[PDB]
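The file coords-v8.cif contains mmCIF, N, CA, C and O atoms and all ligand atoms; chains and numbers go by the auth columns:
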data_query
loop_
_atom_site.group_PDB
_atom_site.id
_atom_site.type_symbol
_atom_site.label_atom_id
_atom_site.label_comp_id
_atom_site.label_asym_id
_atom_site.label_seq_id
_atom_site.Cartn_x
_atom_site.Cartn_y
_atom_site.Cartn_z
_atom_site.B_iso_or_equiv
_atom_site.auth_seq_id
_atom_site.auth_asym_id
ATOM 1 N N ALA A 1 131.991 135.569 83.159 0.00 1 X
ATOM 2 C CA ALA A 1 133.359 135.075 83.262 0.00 1 X
ATOM 3 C C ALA A 1 134.125 135.291 81.966 0.00 1 X
ATOM 4 O O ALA A 1 134.030 134.492 81.034 0.00 1 X
ATOM 5 N N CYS A 2 134.880 136.380 81.918 0.00 2 X
ATOM 6 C CA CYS A 2 135.725 136.685 80.775 0.00 2 X
ATOM 7 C C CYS A 2 136.772 137.707 81.184 0.00 2 X
ATOM 8 O O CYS A 2 136.538 138.524 82.074 0.00 2 X
ATOM 9 N N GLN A 3 137.930 137.656 80.537 0.00 3 X
ATOM 10 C CA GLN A 3 138.989 138.612 80.823 0.00 3 X
ATOM 11 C C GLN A 3 139.855 138.868 79.601 0.00 3 X
ATOM 12 O O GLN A 3 140.195 137.949 78.857 0.00 3 X
ATOM 13 N N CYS A 4 140.191 140.135 79.392 0.00 4 X
ATOM 14 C CA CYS A 4 141.089 140.527 78.321 0.00 4 X
ATOM 15 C C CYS A 4 142.495 140.663 78.889 0.00 4 X
ATOM 16 O O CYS A 4 142.655 141.001 80.064 0.00 4 X
ATOM 17 N N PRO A 5 143.518 140.383 78.064 0.00 5 X
ATOM 18 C CA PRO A 5 144.926 140.514 78.458 0.00 5 X
ATOM 19 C C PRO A 5 145.247 141.858 79.109 0.00 5 X
ATOM 20 O O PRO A 5 146.009 141.903 80.075 0.00 5 X
ATOM 21 N N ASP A 6 144.669 142.936 78.587 0.00 6 X
ATOM 22 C CA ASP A 6 144.867 144.259 79.167 0.00 6 X
ATOM 23 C C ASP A 6 143.554 144.873 79.644 0.00 6 X
ATOM 24 O O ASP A 6 143.372 145.098 80.840 0.00 6 X
ATOM 25 N N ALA A 7 142.642 145.143 78.714 0.00 7 X
ATOM 26 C CA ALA A 7 141.384 145.799 79.064 0.00 7 X
ATOM 27 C C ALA A 7 140.263 145.494 78.078 0.00 7 X
ATOM 28 O O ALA A 7 140.513 145.146 76.924 0.00 7 X
ATOM 29 N N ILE A 8 139.026 145.626 78.549 0.00 8 X
ATOM 30 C CA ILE A 8 137.849 145.528 77.694 0.00 8 X
ATOM 31 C C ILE A 8 137.567 146.885 77.056 0.00 8 X
ATOM 32 O O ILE A 8 137.566 147.910 77.738 0.00 8 X
ATOM 33 N N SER A 9 137.334 146.897 75.748 0.00 9 X
ATOM 34 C CA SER A 9 137.050 148.147 75.053 0.00 9 X
ATOM 35 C C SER A 9 135.603 148.208 74.564 0.00 9 X
ATOM 36 O O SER A 9 135.046 149.291 74.389 0.00 9 X
ATOM 37 N N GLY A 10 134.997 147.042 74.351 0.00 10 X
ATOM 38 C CA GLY A 10 133.653 146.974 73.807 0.00 10 X
ATOM 39 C C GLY A 10 132.762 145.881 74.370 0.00 10 X
ATOM 40 O O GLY A 10 133.219 144.981 75.078 0.00 10 X
ATOM 41 N N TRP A 11 131.477 145.965 74.038 0.00 11 X
ATOM 42 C CA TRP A 11 130.475 145.028 74.533 0.00 11 X
ATOM 43 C C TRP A 11 129.465 144.680 73.443 0.00 11 X
ATOM 44 O O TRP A 11 128.981 145.561 72.731 0.00 11 X
ATOM 45 N N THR A 12 129.147 143.396 73.316 0.00 12 X
ATOM 46 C CA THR A 12 128.180 142.946 72.324 0.00 12 X
ATOM 47 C C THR A 12 127.512 141.637 72.739 0.00 12 X
ATOM 48 O O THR A 12 127.988 140.940 73.636 0.00 12 X
ATOM 49 N N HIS A 13 126.408 141.304 72.080 0.00 13 X
ATOM 50 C CA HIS A 13 125.698 140.068 72.385 0.00 13 X
ATOM 51 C C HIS A 13 125.047 139.474 71.143 0.00 13 X
ATOM 52 O O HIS A 13 124.606 140.205 70.257 0.00 13 X
ATOM 53 N N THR A 14 124.978 138.147 71.087 0.00 14 X
ATOM 54 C CA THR A 14 124.295 137.469 69.990 0.00 14 X
ATOM 55 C C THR A 14 122.778 137.559 70.149 0.00 14 X
ATOM 56 O O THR A 14 122.273 137.990 71.187 0.00 14 X
ATOM 57 N N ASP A 15 122.057 137.142 69.112 0.00 15 X
ATOM 58 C CA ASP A 15 120.599 137.134 69.139 0.00 15 X
ATOM 59 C C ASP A 15 120.061 136.066 70.084 0.00 15 X
ATOM 60 O O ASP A 15 120.647 134.990 70.215 0.00 15 X
ATOM 61 N N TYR A 16 118.956 136.379 70.758 0.00 16 X
ATOM 62 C CA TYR A 16 118.235 135.386 71.543 0.00 16 X
ATOM 63 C C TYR A 16 117.745 134.292 70.617 0.00 16 X
ATOM 64 O O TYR A 16 117.145 134.571 69.578 0.00 16 X
ATOM 65 N N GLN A 17 118.000 133.047 70.991 0.00 17 X
ATOM 66 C CA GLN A 17 117.470 131.922 70.245 0.00 17 X
ATOM 67 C C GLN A 17 116.771 130.957 71.183 0.00 17 X
ATOM 68 O O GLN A 17 116.949 131.019 72.398 0.00 17 X
ATOM 69 N N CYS A 18 115.975 130.064 70.609 0.00 18 X
ATOM 70 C CA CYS A 18 115.254 129.078 71.397 0.00 18 X
ATOM 71 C C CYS A 18 116.118 127.859 71.664 0.00 18 X
ATOM 72 O O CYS A 18 116.575 127.195 70.734 0.00 18 X
ATOM 73 N N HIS A 19 116.347 127.571 72.940 0.00 19 X
ATOM 74 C CA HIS A 19 117.084 126.375 73.312 0.00 19 X
ATOM 75 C C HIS A 19 116.171 125.163 73.155 0.00 19 X
ATOM 76 O O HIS A 19 115.158 125.045 73.842 0.00 19 X
ATOM 77 N N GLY A 20 116.529 124.276 72.233 0.00 20 X
ATOM 78 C CA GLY A 20 115.715 123.115 71.925 0.00 20 X
ATOM 79 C C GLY A 20 115.515 122.182 73.102 0.00 20 X
ATOM 80 O O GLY A 20 114.471 121.543 73.230 0.00 20 X
ATOM 81 N N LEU A 21 116.517 122.113 73.971 0.00 21 X
ATOM 82 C CA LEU A 21 116.478 121.216 75.120 0.00 21 X
ATOM 83 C C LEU A 21 115.904 121.902 76.357 0.00 21 X
ATOM 84 O O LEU A 21 115.032 121.358 77.032 0.00 21 X
ATOM 85 N N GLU A 22 116.398 123.102 76.647 0.00 22 X
ATOM 86 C CA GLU A 22 116.023 123.814 77.865 0.00 22 X
ATOM 87 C C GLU A 22 114.665 124.502 77.733 0.00 22 X
ATOM 88 O O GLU A 22 114.033 124.836 78.737 0.00 22 X
ATOM 89 N N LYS A 23 114.227 124.703 76.492 0.00 23 X
ATOM 90 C CA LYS A 23 112.966 125.387 76.202 0.00 23 X
ATOM 91 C C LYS A 23 112.919 126.787 76.814 0.00 23 X
ATOM 92 O O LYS A 23 111.896 127.206 77.354 0.00 23 X
ATOM 93 N N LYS A 24 114.037 127.501 76.726 0.00 24 X
ATOM 94 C CA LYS A 24 114.105 128.897 77.152 0.00 24 X
ATOM 95 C C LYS A 24 114.940 129.713 76.174 0.00 24 X
ATOM 96 O O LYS A 24 115.722 129.156 75.403 0.00 24 X
ATOM 97 N N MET A 25 114.772 131.031 76.209 0.00 25 X
ATOM 98 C CA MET A 25 115.589 131.927 75.399 0.00 25 X
ATOM 99 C C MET A 25 117.016 131.976 75.925 0.00 25 X
ATOM 100 O O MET A 25 117.239 131.972 77.134 0.00 25 X
ATOM 101 N N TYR A 26 117.982 132.022 75.017 0.00 26 X
ATOM 102 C CA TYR A 26 119.373 132.179 75.415 0.00 26 X
ATOM 103 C C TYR A 26 120.139 132.976 74.371 0.00 26 X
ATOM 104 O O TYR A 26 119.796 132.963 73.190 0.00 26 X
ATOM 105 N N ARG A 27 121.175 133.673 74.819 0.00 27 X
ATOM 106 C CA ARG A 27 122.067 134.395 73.925 0.00 27 X
ATOM 107 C C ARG A 27 123.436 134.527 74.582 0.00 27 X
ATOM 108 O O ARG A 27 123.565 134.367 75.794 0.00 27 X
ATOM 109 N N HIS A 28 124.457 134.812 73.782 0.00 28 X
ATOM 110 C CA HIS A 28 125.822 134.875 74.289 0.00 28 X
ATOM 111 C C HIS A 28 126.330 136.311 74.353 0.00 28 X
ATOM 112 O O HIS A 28 126.243 137.062 73.383 0.00 28 X
ATOM 113 N N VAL A 29 126.853 136.688 75.513 0.00 29 X
ATOM 114 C CA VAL A 29 127.407 138.019 75.706 0.00 29 X
ATOM 115 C C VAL A 29 128.913 138.017 75.460 0.00 29 X
ATOM 116 O O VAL A 29 129.633 137.172 75.987 0.00 29 X
ATOM 117 N N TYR A 30 129.383 138.959 74.649 0.00 30 X
ATOM 118 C CA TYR A 30 130.790 139.011 74.269 0.00 30 X
ATOM 119 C C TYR A 30 131.439 140.344 74.617 0.00 30 X
ATOM 120 O O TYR A 30 130.866 141.407 74.384 0.00 30 X
ATOM 121 N N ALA A 31 132.643 140.277 75.172 0.00 31 X
ATOM 122 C CA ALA A 31 133.451 141.468 75.375 0.00 31 X
ATOM 123 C C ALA A 31 134.446 141.621 74.236 0.00 31 X
ATOM 124 O O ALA A 31 134.985 140.636 73.735 0.00 31 X
ATOM 125 N N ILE A 32 134.673 142.860 73.817 0.00 32 X
ATOM 126 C CA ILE A 32 135.712 143.151 72.839 0.00 32 X
ATOM 127 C C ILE A 32 136.933 143.695 73.565 0.00 32 X
ATOM 128 O O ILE A 32 136.832 144.646 74.342 0.00 32 X
ATOM 129 N N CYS A 33 138.084 143.080 73.331 0.00 33 X
ATOM 130 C CA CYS A 33 139.308 143.493 74.004 0.00 33 X
ATOM 131 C C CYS A 33 139.997 144.608 73.229 0.00 33 X
ATOM 132 O O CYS A 33 139.725 144.804 72.044 0.00 33 X
ATOM 133 N N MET A 34 140.880 145.338 73.905 0.00 34 X
ATOM 134 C CA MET A 34 141.660 146.394 73.266 0.00 34 X
ATOM 135 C C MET A 34 142.447 145.869 72.071 0.00 34 X
ATOM 136 O O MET A 34 142.643 146.580 71.084 0.00 34 X
ATOM 137 N N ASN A 35 142.896 144.623 72.166 0.00 35 X
ATOM 138 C CA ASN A 35 143.726 144.032 71.124 0.00 35 X
ATOM 139 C C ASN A 35 142.920 143.502 69.937 0.00 35 X
ATOM 140 O O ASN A 35 143.483 142.949 68.994 0.00 35 X
ATOM 141 N N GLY A 36 141.604 143.678 69.989 0.00 36 X
ATOM 142 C CA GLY A 36 140.741 143.302 68.883 0.00 36 X
ATOM 143 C C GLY A 36 139.987 142.005 69.100 0.00 36 X
ATOM 144 O O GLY A 36 138.933 141.784 68.504 0.00 36 X
ATOM 145 N N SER A 37 140.522 141.142 69.956 0.00 37 X
ATOM 146 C CA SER A 37 139.909 139.844 70.206 0.00 37 X
ATOM 147 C C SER A 37 138.584 139.978 70.955 0.00 37 X
ATOM 148 O O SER A 37 138.352 140.960 71.659 0.00 37 X
ATOM 149 N N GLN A 38 137.721 138.982 70.794 0.00 38 X
ATOM 150 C CA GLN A 38 136.448 138.943 71.506 0.00 38 X
ATOM 151 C C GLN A 38 136.431 137.770 72.475 0.00 38 X
ATOM 152 O O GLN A 38 137.005 136.722 72.187 0.00 38 X
ATOM 153 N N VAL A 39 135.780 137.946 73.621 0.00 39 X
ATOM 154 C CA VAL A 39 135.688 136.870 74.603 0.00 39 X
ATOM 155 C C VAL A 39 134.258 136.619 75.083 0.00 39 X
ATOM 156 O O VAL A 39 133.508 137.544 75.395 0.00 39 X
ATOM 157 N N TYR A 40 133.906 135.338 75.130 0.00 40 X
ATOM 158 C CA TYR A 40 132.602 134.857 75.575 0.00 40 X
ATOM 159 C C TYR A 40 132.438 135.077 77.083 0.00 40 X
ATOM 160 O O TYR A 40 133.055 134.379 77.887 0.00 40 X
ATOM 161 N N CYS A 41 131.602 136.042 77.457 0.00 41 X
ATOM 162 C CA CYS A 41 131.468 136.449 78.856 0.00 41 X
ATOM 163 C C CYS A 41 130.438 135.650 79.643 0.00 41 X
ATOM 164 O O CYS A 41 130.758 135.073 80.682 0.00 41 X
ATOM 165 N N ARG A 42 129.199 135.639 79.165 0.00 42 X
ATOM 166 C CA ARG A 42 128.125 134.936 79.860 0.00 42 X
ATOM 167 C C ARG A 42 126.998 134.528 78.917 0.00 42 X
ATOM 168 O O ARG A 42 126.833 135.101 77.841 0.00 42 X
ATOM 169 N N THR A 43 126.226 133.527 79.327 0.00 43 X
ATOM 170 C CA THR A 43 125.007 133.177 78.615 0.00 43 X
ATOM 171 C C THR A 43 123.821 133.777 79.353 0.00 43 X
ATOM 172 O O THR A 43 123.636 133.538 80.546 0.00 43 X
ATOM 173 N N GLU A 44 123.028 134.572 78.645 0.00 44 X
ATOM 174 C CA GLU A 44 121.840 135.178 79.231 0.00 44 X
ATOM 175 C C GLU A 44 120.602 134.367 78.882 0.00 44 X
ATOM 176 O O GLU A 44 120.439 133.936 77.744 0.00 44 X
ATOM 177 N N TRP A 45 119.734 134.158 79.865 0.00 45 X
ATOM 178 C CA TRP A 45 118.527 133.372 79.648 0.00 45 X
ATOM 179 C C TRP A 45 117.272 134.204 79.879 0.00 45 X
ATOM 180 O O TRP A 45 117.240 135.071 80.751 0.00 45 X
ATOM 181 N N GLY A 46 116.241 133.937 79.085 0.00 46 X
ATOM 182 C CA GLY A 46 115.011 134.705 79.150 0.00 46 X
ATOM 183 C C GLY A 46 113.778 133.869 79.427 0.00 46 X
ATOM 184 O O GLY A 46 113.768 133.029 80.328 0.00 46 X
ATOM 185 N N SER A 47 112.732 134.102 78.641 0.00 47 X
ATOM 186 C CA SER A 47 111.444 133.457 78.869 0.00 47 X
ATOM 187 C C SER A 47 111.354 132.085 78.210 0.00 47 X
ATOM 188 O O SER A 47 112.218 131.698 77.425 0.00 47 X
ATOM 189 N N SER A 48 110.296 131.352 78.540 0.00 48 X
ATOM 190 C CA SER A 48 110.095 130.009 78.007 0.00 48 X
ATOM 191 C C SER A 48 109.756 130.052 76.520 0.00 48 X
ATOM 192 O O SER A 48 109.277 131.065 76.014 0.00 48 X
ATOM 193 N N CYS A 49 110.011 128.948 75.825 0.00 49 X
ATOM 194 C CA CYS A 49 109.787 128.888 74.386 0.00 49 X
ATOM 195 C C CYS A 49 109.489 127.471 73.908 0.00 49 X
ATOM 196 O O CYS A 49 109.715 126.502 74.629 0.00 49 X
HETATM 197 BR BR BR B . 129.568 137.889 83.510 0.00 1 C
HETATM 198 BR BR BR B . 143.439 143.556 75.505 0.00 2 C
HETATM 199 BR BR BR B . 124.614 144.035 70.505 0.00 3 C
HETATM 200 BR BR BR B . 117.937 139.683 71.129 0.00 4 C
#
Could you render the structure as structure tokens?
Amino acid sequence: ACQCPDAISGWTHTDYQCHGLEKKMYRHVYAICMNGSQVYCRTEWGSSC
């Protein structure tokens, strides 16, 4: 869930970290907009930790 005013130009994601409460891997996916701004798209979840 993310949208740029005009268009998405780029894609990036933060490092997987250990969720202290959920006990699973998580990281944040970010879109880069044409205007330079970044938007939080989705949280990705992985294996137990
Ligand atoms: Br998404
Ligand atoms: Br844009
Ligand atoms: Br990346
Ligand atoms: Br990673």
Please identify every polymer residue within 7 Å of ligand BR 1 (chain C), using only C-alpha atoms and all ligand atoms, and present the set as a short mmCIF file (atom, residue, chain, number, x, y, z; two decimals) with N, CA, C and O atoms, keeping the file's coordinate frame.
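Full text of out01.cif as output:
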data_model
loop_
_atom_site.label_atom_id
_atom_site.label_comp_id
_atom_site.auth_asym_id
_atom_site.auth_seq_id
_atom_site.Cartn_x
_atom_site.Cartn_y
_atom_site.Cartn_z
N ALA X 1 131.99 135.57 83.16
CA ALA X 1 133.36 135.07 83.26
C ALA X 1 134.12 135.29 81.97
O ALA X 1 134.03 134.49 81.03
N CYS X 2 134.88 136.38 81.92
CA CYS X 2 135.72 136.68 80.78
C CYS X 2 136.77 137.71 81.18
O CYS X 2 136.54 138.52 82.07
N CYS X 41 131.60 136.04 77.46
CA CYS X 41 131.47 136.45 78.86
C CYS X 41 130.44 135.65 79.64
O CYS X 41 130.76 135.07 80.68
N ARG X 42 129.20 135.64 79.17
CA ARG X 42 128.12 134.94 79.86
C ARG X 42 127.00 134.53 78.92
O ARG X 42 126.83 135.10 77.84
#
Margin query: Distance limit 9 Å, reference ligand BR 3 (chain C), atoms considered: only C-alpha atoms and all ligand atoms. Which residues make the cut? Give them as a list in words.
Written below: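 What falls inside 9 Å of ligand BR 3 (chain C) is residues 11, 12, 13, 14, 15, 29 and 30 of chain X.
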Next item on the list: Output the neighbourhood of ligand BR 2 (chain C) as a list in words, that is, all protein and nucleic acid residues with some atom at most 10 Å from the ligand, counting only C-alpha atoms and all ligand atoms.
Entry: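 Result of the 10 Å neighbour search around ligand BR 2 (chain C): residues 3, 4, 5, 6, 7, 8, 9, 32, 33, 34, 35, 36, 37 and 38 of chain X.
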Check: Care to translate the PyMOL selection byres (((chain X and resi 25 and name CA) around 9) and not hetatm and name CA) into actual residues of this file, as a PyMOL selection string?
Finding: chain X and resi 16-19+22-24+26-27+44-49
Filtering to N, CA, C and O atoms, could you give me those residues as an mmCIF file, keeping the file's coordinate frame?
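Now in part_22.cif:
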data_model
loop_
_atom_site.group_PDB
_atom_site.id
_atom_site.type_symbol
_atom_site.label_atom_id
_atom_site.label_comp_id
_atom_site.auth_asym_id
_atom_site.auth_seq_id
_atom_site.Cartn_x
_atom_site.Cartn_y
_atom_site.Cartn_z
ATOM 1 N N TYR X 16 118.956 136.379 70.758
ATOM 2 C CA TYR X 16 118.235 135.386 71.543
ATOM 3 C C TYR X 16 117.745 134.292 70.617
ATOM 4 O O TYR X 16 117.145 134.571 69.578
ATOM 5 N N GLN X 17 118.000 133.047 70.991
ATOM 6 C CA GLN X 17 117.470 131.922 70.245
ATOM 7 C C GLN X 17 116.771 130.957 71.183
ATOM 8 O O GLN X 17 116.949 131.019 72.398
ATOM 9 N N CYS X 18 115.975 130.064 70.609
ATOM 10 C CA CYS X 18 115.254 129.078 71.397
ATOM 11 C C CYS X 18 116.118 127.859 71.664
ATOM 12 O O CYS X 18 116.575 127.195 70.734
ATOM 13 N N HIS X 19 116.347 127.571 72.940
ATOM 14 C CA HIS X 19 117.084 126.375 73.312
ATOM 15 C C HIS X 19 116.171 125.163 73.155
ATOM 16 O O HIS X 19 115.158 125.045 73.842
ATOM 17 N N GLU X 22 116.398 123.102 76.647
ATOM 18 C CA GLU X 22 116.023 123.814 77.865
ATOM 19 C C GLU X 22 114.665 124.502 77.733
ATOM 20 O O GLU X 22 114.033 124.836 78.737
ATOM 21 N N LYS X 23 114.227 124.703 76.492
ATOM 22 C CA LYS X 23 112.966 125.387 76.202
ATOM 23 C C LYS X 23 112.919 126.787 76.814
ATOM 24 O O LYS X 23 111.896 127.206 77.354
ATOM 25 N N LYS X 24 114.037 127.501 76.726
ATOM 26 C CA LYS X 24 114.105 128.897 77.152
ATOM 27 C C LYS X 24 114.940 129.713 76.174
ATOM 28 O O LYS X 24 115.722 129.156 75.403
ATOM 29 N N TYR X 26 117.982 132.022 75.017
ATOM 30 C CA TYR X 26 119.373 132.179 75.415
ATOM 31 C C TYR X 26 120.139 132.976 74.371
ATOM 32 O O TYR X 26 119.796 132.963 73.190
ATOM 33 N N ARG X 27 121.175 133.673 74.819
ATOM 34 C CA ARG X 27 122.067 134.395 73.925
ATOM 35 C C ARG X 27 123.436 134.527 74.582
ATOM 36 O O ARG X 27 123.565 134.367 75.794
ATOM 37 N N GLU X 44 123.028 134.572 78.645
ATOM 38 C CA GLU X 44 121.840 135.178 79.231
ATOM 39 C C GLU X 44 120.602 134.367 78.882
ATOM 40 O O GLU X 44 120.439 133.936 77.744
ATOM 41 N N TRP X 45 119.734 134.158 79.865
ATOM 42 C CA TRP X 45 118.527 133.372 79.648
ATOM 43 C C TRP X 45 117.272 134.204 79.879
ATOM 44 O O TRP X 45 117.240 135.071 80.751
ATOM 45 N N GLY X 46 116.241 133.937 79.085
ATOM 46 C CA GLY X 46 115.011 134.705 79.150
ATOM 47 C C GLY X 46 113.778 133.869 79.427
ATOM 48 O O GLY X 46 113.768 133.029 80.328
ATOM 49 N N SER X 47 112.732 134.102 78.641
ATOM 50 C CA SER X 47 111.444 133.457 78.869
ATOM 51 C C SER X 47 111.354 132.085 78.210
ATOM 52 O O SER X 47 112.218 131.698 77.425
ATOM 53 N N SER X 48 110.296 131.352 78.540
ATOM 54 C CA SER X 48 110.095 130.009 78.007
ATOM 55 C C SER X 48 109.756 130.052 76.520
ATOM 56 O O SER X 48 109.277 131.065 76.014
ATOM 57 N N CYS X 49 110.011 128.948 75.825
ATOM 58 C CA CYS X 49 109.787 128.888 74.386
ATOM 59 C C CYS X 49 109.489 127.471 73.908
ATOM 60 O O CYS X 49 109.715 126.502 74.629
#
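Atom O of residue 20 (chain X) is found 23.9 Å from atom N of residue 40 (chain X).
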Checklist line | Computed interatomic separation between atom O of residue 10 (chain X) and CA of residue 43 (chain X) (Å) | finding: 14.8 Å
Notebook entry, point to check: Among chain X, which ones does DSSP place in strand (DSSP E or B), written as an NGL selection string?
Noted result: :X and (8-13 or 17-18 or 24-33 or 38-48)
Centre and size of axis-aligned box enclosing region 21-35 of chain X plus 4 Å each side, as JSON:
{"center_x": 127.8, "center_y": 133.9, "center_z": 73.9, "size_x": 39.8, "size_y": 33.4, "size_z": 17.7}
